[PDB]
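Report on the following structure.
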Amino acid sequence: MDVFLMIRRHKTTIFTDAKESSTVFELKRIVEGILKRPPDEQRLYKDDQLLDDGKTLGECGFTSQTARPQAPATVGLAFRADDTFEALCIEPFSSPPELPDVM
Amino acid sequence: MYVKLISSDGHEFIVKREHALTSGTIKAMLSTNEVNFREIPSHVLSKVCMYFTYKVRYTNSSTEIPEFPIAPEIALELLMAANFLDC
Amino acid sequence: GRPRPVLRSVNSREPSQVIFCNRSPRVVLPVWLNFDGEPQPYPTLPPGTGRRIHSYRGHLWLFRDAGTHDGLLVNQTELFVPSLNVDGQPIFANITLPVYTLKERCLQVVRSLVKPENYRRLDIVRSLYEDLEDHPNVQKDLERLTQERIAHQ
Amino acid sequence: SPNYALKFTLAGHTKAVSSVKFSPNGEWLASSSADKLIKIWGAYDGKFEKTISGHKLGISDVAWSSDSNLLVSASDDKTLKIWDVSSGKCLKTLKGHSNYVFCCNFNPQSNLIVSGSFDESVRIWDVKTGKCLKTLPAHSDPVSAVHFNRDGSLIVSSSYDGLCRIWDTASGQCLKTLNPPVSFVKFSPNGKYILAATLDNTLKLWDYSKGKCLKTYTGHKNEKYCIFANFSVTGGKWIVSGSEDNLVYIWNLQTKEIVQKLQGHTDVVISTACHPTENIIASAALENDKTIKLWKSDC
């Protein structure tokens with residue numbers, strides 16, 4: 001069961017996939033390859049909830065039904081360097097304009 | 001290989017190179033592994049990246065394919081993006 | 001004497017039992033090409049339903065959205081041709097959405113929201129007006145498939 | 001060659017005319033129509049005689065009893081009706097088919113009626129009681145024509161299944177079969193042959209006892225409608241049929257040569273009939289025409 005994700009930090013969004021059976025730790029290894037920060041310098045979140053490295057993505061509620069190619073689920077990302085922890089902060093995307101009269 | 005696609009308002013989208021190459025326009029712009037769009041905003045470009053994931057996953061797949069959803073409020077700018085991107 | 005359309009059913013009179021299986025979210029219109037190549041509409045299939053139907057070997061079928069005539073796929077391709085049943089087993093015609101281009105999907109959505117009279121009230125380039133006005137049509141696919149079949153000759 | 005010429009046009013129906021039949025005594029012409037009416041005409045002068053009504057949908061076919069006193073009709077309303085010609089009274093409604101009834105005939109004794117239906121059956125009815133006596137189900141597509149032979153011991157039927165079946169009246173069992181849809185069949189007036197039409201612009205004469213095709217008639221257009229053909233034997237010996245090019249074709253029965261084409265109708269000529277004692281042909285045409293024509297010849 002593939003799961004499709006947006007990993008978001010500040011004004012950065014990574015599109016990637018994993019399995020429901022993938023661990024949170026294994027997702028950090030995916031992020032490491034892209035962003036070059038090791039798993040122990042990463043914190044991953046689902047909404048406000050800090051995710052436990054050992055738990056599977058499925059156990060955290062990312063399923064093939066909630067994390068779809070055309071509507072991926074969001075994972076928050078924050079970094080740590082030594083004793084300094086960054087807080088989770090995700091900049092929202094822009095907003096569409098008013099719906100035109102003839103729609 | 002990942003590429004970085006940057007929206008008009010500065011949001012960075014990191015996507016598989018194979019996925020971004022769905023668009024011949026992006027392929028040309030890549031010829032850095034980053035592409036700056038001058039008029040595609042983040043809410044549209046994020047929807048375009050979902051399309052790429054959908055297209056690559058469901059192409060050649062010989063399974064039941066779900067609809068690609070588009071909300072009314074985004075449809076007209078997404079159309080313009082799709083036309084520009086030829087995807 | 002005259003050419004006949006290459007896309008037309010063969011009058012085999014050899015029965016073939018088929019399951020039309022609508023694996024799309026659309027209401028599906030089955031279209032049968034008759035022996036002269038004219039498209040004939042058959043009863044529609046709601047989403048998530050399937051029906052066992054009687055057709056014939058060498059008959060030609062296509063499948064469209066019943067309301068918009070968007071093109072659909074059948075066993076991952078445009079045309080479905082029944083063959084002989086083997087071992088008492090019906091033949092499945094698995095109808096699904098194609099992977100539309102993002103542009104075509106956007107055109108489908110905008111068409112569903114704007115009356116054709118009002119397309120040119122939208123604030124986009126003229127070529128997108130013409131794109132919106134170019135509605136789906138089984139004849140397009142018949143033309144396109146015929147040209148492709150000629151290019152493999 | 002005969003010299004048929006147009007004598008009268010009868011313009012009483014308001015939709016396609018499906019069938020014309022001369023009464024065995026020569027006096028009358030019955031017509032049936034998509035307009036749900038039967039009309040009776042003088043056979044010699046085309047004079048309107050009466051309208052006969054009661055069917056709820058269009059009528060495909062009509063046929064006379066041997067004594068010219070009864071008519072049976074076959075309708076889209078799934079029934080047949082037996083009528084008293086003198087009064088116009090519906091004596092019986094024959095209920096049993098489960099879809100349109102296209103064709104009907106009395107046997108020579110006229111104690112039985114045979115019918116053929118879109119429901120792919122041939123049914124045999126008792127005239128006196130109106131009960132269905134037998135249902136003969138072997139055709140696998142609409143039945144286009146049914147006809148008794150000269151002593152009524154055999155029925156011939158034709159069907160879109162491509163087959164002509166000869167049935168034993170008494171038992172109901174099929175005795176013989178004679179590939180495009182067969183649109184018309186009837187026994188010859190002498191009894192030896194069967195005339196069959198198929199939707200490939202072809203009529204064929206069959207020696208059914210021998211199972212052999214003796215003649216083929218072509219030149220006309222018949223690919224869509226079930227067009228009734230006939231034997232003309234009062235003068236010379238001709239085959240007569242309508243056509244989809246709006247003409248009546250007449251062939252020499254032995255040479256298979258076209259000897260006349262009768263011009264005048266403005267739609268498919270679906271029905272032709274030949275008068276039992278004089279050299280008179282009646283023809284009937286579909287929705288762009290809606291008329292009956294009467295034609296007369298010296299031979």
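The first residue you see is number 1, and the count goes up from there.
Looking at the header, which is where the method is noted, we find X-ray crystallography, 1.8 Å.
Backbone N, Cα and C define each Cβ position, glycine as well.
When the residues D:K21, D:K47, D:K81 are compared with Swiss-Prot, the one annotated as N6-acetyllysine is D:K81. Residues D:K15, D:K128, D:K224, D:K290 are shown; Swiss-Prot lists SUMO2 cross-link for one of them, D:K15. Take the repeat 'WD 1' (D:12-51) and the stretches D:97-137, D:138-177, D:264-298: counting Cβ pairs under 8 Å, D:264-298 has the most.
A simple way to gauge crowding: the CB of D:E287 (site 'Important for interaction with histone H3') has 12 other CB atoms within 10 angstroms, across all the protein chains here. The Cβ neighbour count for D:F228 (site 'Important for interaction with histone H3'), using a 10 Å radius and every protein chain shown, is 27. If you measure from the Cα atom of D:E287 (site 'Important for interaction with histone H3') to that of D:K15 (SUMO2 cross-link), you get 6 Å.
Same-chain residues lying 6 or more positions outside the repeat 'WD 2' (D:54-95) and placing a CB less than 8 Å from one of its CB atoms are 15-16, 18-19, 21-25, 27-28, 30-38, 40, 101-106, 108-110, 113, 115-117, 123, 125, 127, 130, 132. Secondary structure from DSSP puts D:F102 (site 'Important for interaction with histone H3') in a beta strand.
Of all Cβ atoms in the protein chains displayed, 19 besides its own lie within 10 Å of the Cβ of D:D76 (site 'Important for interaction with histone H3'). Sequence-distant neighbours of D:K15 (SUMO2 cross-link): residues of the same chain at least 6 apart with a C-beta under 8 Å from its C-beta are D:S33, D:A34, D:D35, D:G58, D:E287, D:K290.
Taken residue by residue with DSSP, D:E287 (site 'Important for interaction with histone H3') is part of neither helix nor strand, so it is coil.
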